[PDB]
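Trainee: The structure follows.
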Amino acid sequence: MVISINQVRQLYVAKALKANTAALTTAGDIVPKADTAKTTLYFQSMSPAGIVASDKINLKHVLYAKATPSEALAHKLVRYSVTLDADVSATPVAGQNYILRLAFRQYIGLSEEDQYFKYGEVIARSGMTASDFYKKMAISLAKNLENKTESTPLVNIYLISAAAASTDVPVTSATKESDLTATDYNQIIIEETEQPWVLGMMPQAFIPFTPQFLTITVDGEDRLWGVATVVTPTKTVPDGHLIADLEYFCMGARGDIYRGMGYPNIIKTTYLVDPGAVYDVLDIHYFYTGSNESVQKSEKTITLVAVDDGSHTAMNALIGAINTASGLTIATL
Amino acid sequence: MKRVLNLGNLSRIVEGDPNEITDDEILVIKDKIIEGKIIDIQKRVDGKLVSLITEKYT
């Protein structure tokens, strides 16, 4: 998860807020320090290897300072709703191959020229009601998607009974028609997947898809048999991994930039972000100017991250202390 | 036993929209619920699209 920096970006984790530097005992403790006036701002950050302190911010040269509510970083899993097109026919027509084409973008590569396609097949029979078609279609998708010898997990198939309308029922390549017993299956849902993630190696990413349909011959003409709707999602990624990869990257601006390259001959760096939690982020921008001829600026970013208990309590405590010690008015969350 | 119509009049047995069926062509309406069965054979007479199968009751 390499990012772009305005001449630098630094990160410090706030696992606990203290009043003085004589109280920085634990390896996440932080405290904002500033003059009795308002001339410089810096933070005393307790590292796993002793106290440290951020760069010194000239408060005449603070450009912007703003926090985030920890929900602007969650990625909602793109959810779809497949259905028979009533216009063509509200039921399958016997003797027709109701194929479905799942077009995938951002497959192994990172561009969209990198595409991948996965199909489903359902040959309709006489008396094949709609629920049975969705059942057999979902199963064909699962089977063709998750063959035990298929590396990447691409999508999660689901089904919804018109009775519930909310509780989506899963469909795996291990699922059997015997397990799907209802008869009022209204539609087929398809959803994204949290691809595998590795700290510093494999960034948080997703494979976008769109269900594309194939033509069938209804009364005399070739027509698409379904409808691919983009319904509102219900599942998110909790932002834990973005911050972890952010710290991993932003602690090389403050230390070992090799992070394992010459393996036996490396430095071991500790990280205080728990990937599995959810964080609210504070970010400060500023710059440094020199004297007579050295007027050029050097803009900088000092970044903080706290833990979101759902009420933005810790990040609010930070902002309170920073504004009390700096005269700033960073808006609370 | 012999063929029912010259292939010229059989090549005009089509499968489509009832609104686009003129004369010099016969229409077949395939059945959906049933695979091979047919619903009706139709032939236009005076703008109306009438059936050639005689209605049969109990």
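Chain identifiers are assigned as A, B, and so on, following the order in which chains appear in the structure tokens; residues are numbered from 1 within each chain, and ligands are numbered from 1 in order of appearance.
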Taking only C-alpha atoms into account and nothing else, which residues of chain A lie no more than 10 Å away from chain B? Please answer as an NGL selection string.

Mentor: :A and (89 or 91-96 or 124-129 or 218-221)

Trainee: Within 12 Å of residue 160 in chain A, counting only C-alpha atoms, which residues show up once you throw out same-chain ones fewer than 3 positions away? Write them as a ChimeraX atom specification, please.

Mentor: /A:81-83,131,134-135,138,157,163-171,180-190

Trainee: Using DSSP secondary structure from the backbone, list all strand (DSSP E or B) positions within range 51-268 of chain A, as JSON, numbers by chain.

Mentor: {"A": [51, 52, 53, 57, 58, 62, 63, 64, 65, 66, 67, 76, 79, 80, 81, 82, 83, 84, 97, 100, 101, 102, 103, 104, 105, 115, 116, 117, 118, 119, 120, 123, 156, 157, 158, 159, 160, 161, 169, 170, 171, 185, 186, 187, 188, 189, 190, 191, 198, 202, 209, 210, 211, 212, 213, 215, 216, 217, 218, 221, 222, 223, 224, 226, 227, 228, 229, 230, 231, 236]}

Trainee: Those selected residues, please, written with C-alpha atoms and delivered as a PDB file, in the first residue's frame.

Mentor:
ATOM      1  CA  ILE A  51       9.918   7.879  24.119  1.00  0.00           C
ATOM      2  CA  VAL A  52      10.045   9.756  20.824  1.00  0.00           C
ATOM      3  CA  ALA A  53       8.558  13.028  19.598  1.00  0.00           C
ATOM      4  CA  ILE A  57       4.843  22.298  13.909  1.00  0.00           C
ATOM      5  CA  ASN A  58       5.036  26.055  13.458  1.00  0.00           C
ATOM      6  CA  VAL A  62      -0.398  25.072   9.743  1.00  0.00           C
ATOM      7  CA  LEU A  63      -2.252  24.666   6.445  1.00  0.00           C
ATOM      8  CA  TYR A  64      -5.132  22.342   7.337  1.00  0.00           C
ATOM      9  CA  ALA A  65      -6.093  20.067  10.222  1.00  0.00           C
ATOM     10  CA  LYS A  66      -9.046  17.696   9.970  1.00  0.00           C
ATOM     11  CA  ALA A  67     -10.195  14.353  11.367  1.00  0.00           C
ATOM     12  CA  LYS A  76     -19.024  -1.495   0.857  1.00  0.00           C
ATOM     13  CA  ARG A  79     -24.141  -6.302  -4.034  1.00  0.00           C
ATOM     14  CA  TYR A  80     -26.278  -7.271  -7.028  1.00  0.00           C
ATOM     15  CA  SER A  81     -29.724  -8.739  -7.659  1.00  0.00           C
ATOM     16  CA  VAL A  82     -30.295 -11.017 -10.648  1.00  0.00           C
ATOM     17  CA  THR A  83     -33.846 -11.707 -11.777  1.00  0.00           C
ATOM     18  CA  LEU A  84     -35.901 -12.893 -14.732  1.00  0.00           C
ATOM     19  CA  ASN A  97     -30.040 -22.161 -22.408  1.00  0.00           C
ATOM     20  CA  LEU A 100     -25.082 -16.018 -17.307  1.00  0.00           C
ATOM     21  CA  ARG A 101     -21.691 -14.340 -17.723  1.00  0.00           C
ATOM     22  CA  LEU A 102     -19.887 -12.881 -14.704  1.00  0.00           C
ATOM     23  CA  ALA A 103     -17.417 -10.371 -16.144  1.00  0.00           C
ATOM     24  CA  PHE A 104     -14.578  -9.621 -13.721  1.00  0.00           C
ATOM     25  CA  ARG A 105     -12.330  -6.564 -13.817  1.00  0.00           C
ATOM     26  CA  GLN A 115     -10.454  -9.235 -17.327  1.00  0.00           C
ATOM     27  CA  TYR A 116     -11.819 -12.636 -16.367  1.00  0.00           C
ATOM     28  CA  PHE A 117     -15.128 -14.351 -17.097  1.00  0.00           C
ATOM     29  CA  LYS A 118     -17.085 -17.006 -15.204  1.00  0.00           C
ATOM     30  CA  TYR A 119     -20.293 -18.534 -16.507  1.00  0.00           C
ATOM     31  CA  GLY A 120     -23.432 -20.211 -15.287  1.00  0.00           C
ATOM     32  CA  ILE A 123     -31.170 -25.413 -19.519  1.00  0.00           C
ATOM     33  CA  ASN A 156     -20.303 -15.024  -2.796  1.00  0.00           C
ATOM     34  CA  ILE A 157     -23.557 -16.403  -4.177  1.00  0.00           C
ATOM     35  CA  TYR A 158     -26.784 -15.986  -2.232  1.00  0.00           C
ATOM     36  CA  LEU A 159     -30.515 -16.583  -2.516  1.00  0.00           C
ATOM     37  CA  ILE A 160     -33.521 -14.849  -0.964  1.00  0.00           C
ATOM     38  CA  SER A 161     -36.881 -16.430  -0.197  1.00  0.00           C
ATOM     39  CA  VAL A 169     -29.155 -17.978   2.188  1.00  0.00           C
ATOM     40  CA  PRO A 170     -25.653 -18.991   1.029  1.00  0.00           C
ATOM     41  CA  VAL A 171     -24.809 -21.239  -1.900  1.00  0.00           C
ATOM     42  CA  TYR A 185     -36.834 -17.866  -4.092  1.00  0.00           C
ATOM     43  CA  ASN A 186     -37.275 -14.355  -5.443  1.00  0.00           C
ATOM     44  CA  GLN A 187     -33.860 -13.540  -6.925  1.00  0.00           C
ATOM     45  CA  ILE A 188     -30.136 -14.320  -7.023  1.00  0.00           C
ATOM     46  CA  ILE A 189     -27.734 -12.066  -5.134  1.00  0.00           C
ATOM     47  CA  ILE A 190     -24.047 -11.739  -5.985  1.00  0.00           C
ATOM     48  CA  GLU A 191     -21.506  -9.918  -3.857  1.00  0.00           C
ATOM     49  CA  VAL A 198      -0.889  -9.251   3.801  1.00  0.00           C
ATOM     50  CA  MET A 202      -0.812  -7.614  -0.448  1.00  0.00           C
ATOM     51  CA  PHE A 209     -17.890  -7.548 -11.456  1.00  0.00           C
ATOM     52  CA  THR A 210     -21.069  -7.019 -13.439  1.00  0.00           C
ATOM     53  CA  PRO A 211     -23.506  -9.850 -14.274  1.00  0.00           C
ATOM     54  CA  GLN A 212     -23.944  -9.883 -18.051  1.00  0.00           C
ATOM     55  CA  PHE A 213     -26.668 -12.024 -19.611  1.00  0.00           C
ATOM     56  CA  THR A 215     -29.570 -14.013 -25.460  1.00  0.00           C
ATOM     57  CA  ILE A 216     -32.458 -16.462 -25.598  1.00  0.00           C
ATOM     58  CA  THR A 217     -35.021 -16.896 -28.359  1.00  0.00           C
ATOM     59  CA  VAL A 218     -38.357 -15.797 -26.956  1.00  0.00           C
ATOM     60  CA  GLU A 221     -36.355 -12.692 -31.287  1.00  0.00           C
ATOM     61  CA  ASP A 222     -33.104 -12.960 -29.337  1.00  0.00           C
ATOM     62  CA  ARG A 223     -33.578 -11.149 -26.024  1.00  0.00           C
ATOM     63  CA  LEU A 224     -31.752 -10.973 -22.708  1.00  0.00           C
ATOM     64  CA  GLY A 226     -32.723 -11.135 -16.885  1.00  0.00           C
ATOM     65  CA  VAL A 227     -31.984  -7.978 -14.928  1.00  0.00           C
ATOM     66  CA  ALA A 228     -28.759  -7.062 -13.103  1.00  0.00           C
ATOM     67  CA  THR A 229     -29.679  -4.595 -10.358  1.00  0.00           C
ATOM     68  CA  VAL A 230     -27.212  -2.916  -7.998  1.00  0.00           C
ATOM     69  CA  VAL A 231     -28.921  -3.135  -4.614  1.00  0.00           C
ATOM     70  CA  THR A 236     -18.371  -3.415   4.880  1.00  0.00           C
TER      71      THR A 236
END

Trainee: Please identify all polymer residues within 12 Å of residue 12 in chain A, counting only C-alpha atoms, omitting same-chain residues fewer than 6 positions from it, and present them as a PyMOL selection string.

Mentor: chain A and resi 27-32+42-47+51-55+243-244+246-251+253-254+271-273+281-284+301-306

Trainee: Could you please take those selected residues and save N, CA and C atoms as a short mmCIF file (atom, residue, chain, number, x, y, z; two decimals), in the first residue's frame?

Mentor:
data_model
loop_
_atom_site.label_atom_id
_atom_site.label_comp_id
_atom_site.auth_asym_id
_atom_site.auth_seq_id
_atom_site.Cartn_x
_atom_site.Cartn_y
_atom_site.Cartn_z
N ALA A 27 3.48 1.50 25.34
CA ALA A 27 4.06 1.69 24.02
C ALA A 27 3.06 2.23 23.00
N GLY A 28 1.99 2.87 23.45
CA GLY A 28 1.11 3.60 22.56
C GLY A 28 0.70 4.94 23.12
N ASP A 29 1.10 5.20 24.37
CA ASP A 29 0.75 6.45 25.03
C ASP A 29 1.22 7.64 24.21
N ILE A 30 0.39 8.68 24.17
CA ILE A 30 0.70 9.91 23.45
C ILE A 30 0.23 11.09 24.29
N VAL A 31 0.77 12.26 23.96
CA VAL A 31 0.35 13.51 24.60
C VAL A 31 0.76 14.67 23.71
N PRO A 32 -0.10 15.69 23.52
CA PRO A 32 0.33 16.86 22.75
C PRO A 32 1.08 17.86 23.61
N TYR A 42 4.12 19.76 19.14
CA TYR A 42 4.73 18.47 18.93
C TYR A 42 4.09 17.48 19.88
N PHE A 43 4.28 16.20 19.59
CA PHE A 43 3.70 15.11 20.35
C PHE A 43 4.81 14.26 20.93
N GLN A 44 4.64 13.86 22.19
CA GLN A 44 5.51 12.89 22.82
C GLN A 44 4.87 11.51 22.65
N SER A 45 5.44 10.70 21.77
CA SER A 45 4.90 9.38 21.47
C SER A 45 5.77 8.32 22.13
N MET A 46 5.14 7.44 22.90
CA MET A 46 5.85 6.34 23.52
C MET A 46 5.95 5.18 22.53
N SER A 47 7.16 4.85 22.15
CA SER A 47 7.44 3.74 21.25
C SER A 47 7.70 2.48 22.05
N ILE A 51 10.64 6.69 24.54
CA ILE A 51 9.92 7.88 24.12
C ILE A 51 10.51 8.44 22.83
N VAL A 52 9.64 8.98 21.99
CA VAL A 52 10.05 9.76 20.82
C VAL A 52 9.17 11.00 20.77
N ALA A 53 9.35 11.82 19.74
CA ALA A 53 8.56 13.03 19.60
C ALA A 53 8.46 13.39 18.12
N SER A 54 7.29 13.87 17.72
CA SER A 54 7.08 14.24 16.33
C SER A 54 7.94 15.45 15.97
N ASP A 55 7.95 15.78 14.69
CA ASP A 55 8.51 17.05 14.27
C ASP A 55 7.76 18.19 14.96
N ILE A 243 -5.25 1.16 7.75
CA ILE A 243 -4.41 1.85 8.72
C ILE A 243 -3.14 1.06 8.99
N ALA A 244 -3.24 -0.26 9.07
CA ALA A 244 -2.06 -1.08 9.33
C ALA A 244 -1.05 -0.93 8.21
N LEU A 246 -0.93 1.56 6.31
CA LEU A 246 -0.50 2.96 6.37
C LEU A 246 0.65 3.12 7.35
N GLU A 247 0.50 2.60 8.57
CA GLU A 247 1.58 2.63 9.54
C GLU A 247 2.83 1.95 8.98
N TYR A 248 2.66 0.75 8.43
CA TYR A 248 3.79 0.03 7.85
C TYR A 248 4.58 0.92 6.89
N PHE A 249 3.87 1.70 6.08
CA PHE A 249 4.53 2.56 5.11
C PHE A 249 5.08 3.83 5.76
N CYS A 250 4.33 4.42 6.68
CA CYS A 250 4.70 5.71 7.26
C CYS A 250 5.71 5.59 8.38
N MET A 251 6.02 4.38 8.83
CA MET A 251 7.09 4.17 9.80
C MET A 251 8.43 3.91 9.14
N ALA A 253 9.39 6.23 6.84
CA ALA A 253 9.84 7.61 6.85
C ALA A 253 10.50 7.97 8.17
N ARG A 254 10.31 7.14 9.20
CA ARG A 254 10.82 7.38 10.53
C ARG A 254 11.81 6.31 10.98
N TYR A 271 4.90 -2.71 15.32
CA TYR A 271 3.75 -1.95 14.85
C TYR A 271 2.64 -2.03 15.88
N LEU A 272 2.00 -0.90 16.13
CA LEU A 272 1.00 -0.78 17.19
C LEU A 272 -0.43 -0.83 16.66
N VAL A 273 -0.61 -0.89 15.34
CA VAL A 273 -1.94 -1.00 14.77
C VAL A 273 -2.39 -2.45 14.84
N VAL A 281 -9.16 8.77 12.20
CA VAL A 281 -7.88 9.33 11.78
C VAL A 281 -7.91 10.84 11.96
N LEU A 282 -6.85 11.37 12.56
CA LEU A 282 -6.57 12.80 12.57
C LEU A 282 -5.36 13.08 11.71
N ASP A 283 -5.40 14.18 10.97
CA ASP A 283 -4.36 14.51 10.02
C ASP A 283 -4.10 16.01 10.05
N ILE A 284 -2.82 16.37 10.10
CA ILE A 284 -2.40 17.77 10.16
C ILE A 284 -1.43 18.02 9.02
N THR A 301 3.11 16.44 6.51
CA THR A 301 1.88 15.88 7.04
C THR A 301 2.22 15.04 8.26
N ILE A 302 1.65 15.40 9.40
CA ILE A 302 1.72 14.59 10.61
C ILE A 302 0.36 13.95 10.81
N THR A 303 0.34 12.62 10.89
CA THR A 303 -0.89 11.84 10.91
C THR A 303 -1.01 11.11 12.23
N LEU A 304 -2.20 11.16 12.82
CA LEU A 304 -2.52 10.41 14.02
C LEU A 304 -3.69 9.49 13.74
N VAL A 305 -3.76 8.40 14.50
CA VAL A 305 -4.85 7.44 14.39
C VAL A 305 -5.21 6.98 15.79
N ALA A 306 -6.50 6.99 16.10
CA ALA A 306 -7.02 6.50 17.36
C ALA A 306 -8.00 5.37 17.08
#

Trainee: One decimal, in Å: what's the spacing between CA of residue 11 in chain B and CA of residue 44 in chain B?

Mentor: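 For CA of residue 11 in chain B relative to CA of residue 44 in chain B, the distance reads 16.5 Å.
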